[PDB]
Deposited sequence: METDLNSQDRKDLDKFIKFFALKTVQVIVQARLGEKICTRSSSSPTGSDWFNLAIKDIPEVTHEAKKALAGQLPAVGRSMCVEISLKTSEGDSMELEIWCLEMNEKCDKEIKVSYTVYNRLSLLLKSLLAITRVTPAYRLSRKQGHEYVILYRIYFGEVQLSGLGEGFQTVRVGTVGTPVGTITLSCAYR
């Protein structure tokens, strides 16, 4: 392949990894605080300080199994709650890849993905599951998989908040959330 798509697939891979990181960390029951830096390390993806949780990374790669979102294959992060009795699917975050190719588009995609991650940081804190998770009685659950997006486990009357979309020569990425 051309190196530009080597970089593009790398960007999409690490955007998916950081996406799972942001969601799961937004459901951990405590506040997140990372510092800015003018002399960054070589591991600050999308110019954001998002610390990787190795267990979340291992489940994210094991779910990913070495592939990227595509037309029909999307990455999903399911946040649920199990009472002391015993399974409510609270929200499913959907990371899709769409057919449309932005042919008028190297690092514009990188910056748009950075902005999309910032939007994810914002949106993950204003859905009901956030303040549900900050008071945990209750224990929060996460599960990463490829879809085959299974909506039904939430309930009837759900609503979808669109985190955002980004256009790439290979397709457009769609980050959204279907929540109870």
property	result
Sequence ranges absent from the coordinates, based on the deposited chain and numbered from 1	1 to 5, 92, 112 to 113, 145 to 146
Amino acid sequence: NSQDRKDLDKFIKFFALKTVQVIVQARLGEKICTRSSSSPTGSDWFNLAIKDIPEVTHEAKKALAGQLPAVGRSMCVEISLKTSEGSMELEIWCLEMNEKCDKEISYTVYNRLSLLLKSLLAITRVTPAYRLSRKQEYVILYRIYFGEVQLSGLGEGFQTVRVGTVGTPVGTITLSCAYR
From here on, numbers count along this sequence of modelled residues.
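For the two forms, the rigid core is made up of the largest set of C-alpha atoms that agree within 1.5 Å on superposition.
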property: Greatest C-alpha divergence in 6 other deposited structures of this protein once each structure is fitted on the rigid core, 153 to 161 or 20 to 28; result: 153 to 161
property: Higher-deviation stretch (C-alpha RMS, rigid core fit) in 6 other deposited structures of this protein, choosing from 41 to 49 and 121 to 129; result: 41 to 49
property: 7 to 15 set against 165 to 173, stretch whose average Cα temperature factor tops the other in the entry; result: 165 to 173
property: Between the two ranges 90 to 98 and 77 to 85, the one averaging a larger CA B factor in the entry; result: 77 to 85
property: Top Cα B factor in the deposited entry, candidates 142, 46, 130, 146; result: 146
property: CA B-factor placement of residue 40, once the chain's modelled residues are sorted into thirds; result: lowest
property: Within-chain third of residue 64 by Cα B-factor, per the entry; result: middle
property: Residue 135 by Cα B-factor - lowest, middle or highest third of the modelled chain; result: highest
property: Third of the chain's Cα B-factor distribution that residue 152 belongs to, per the entry; result: highest
property: Third of the chain's Cα B-factor distribution that residue 70 belongs to, per the entry; result: highest
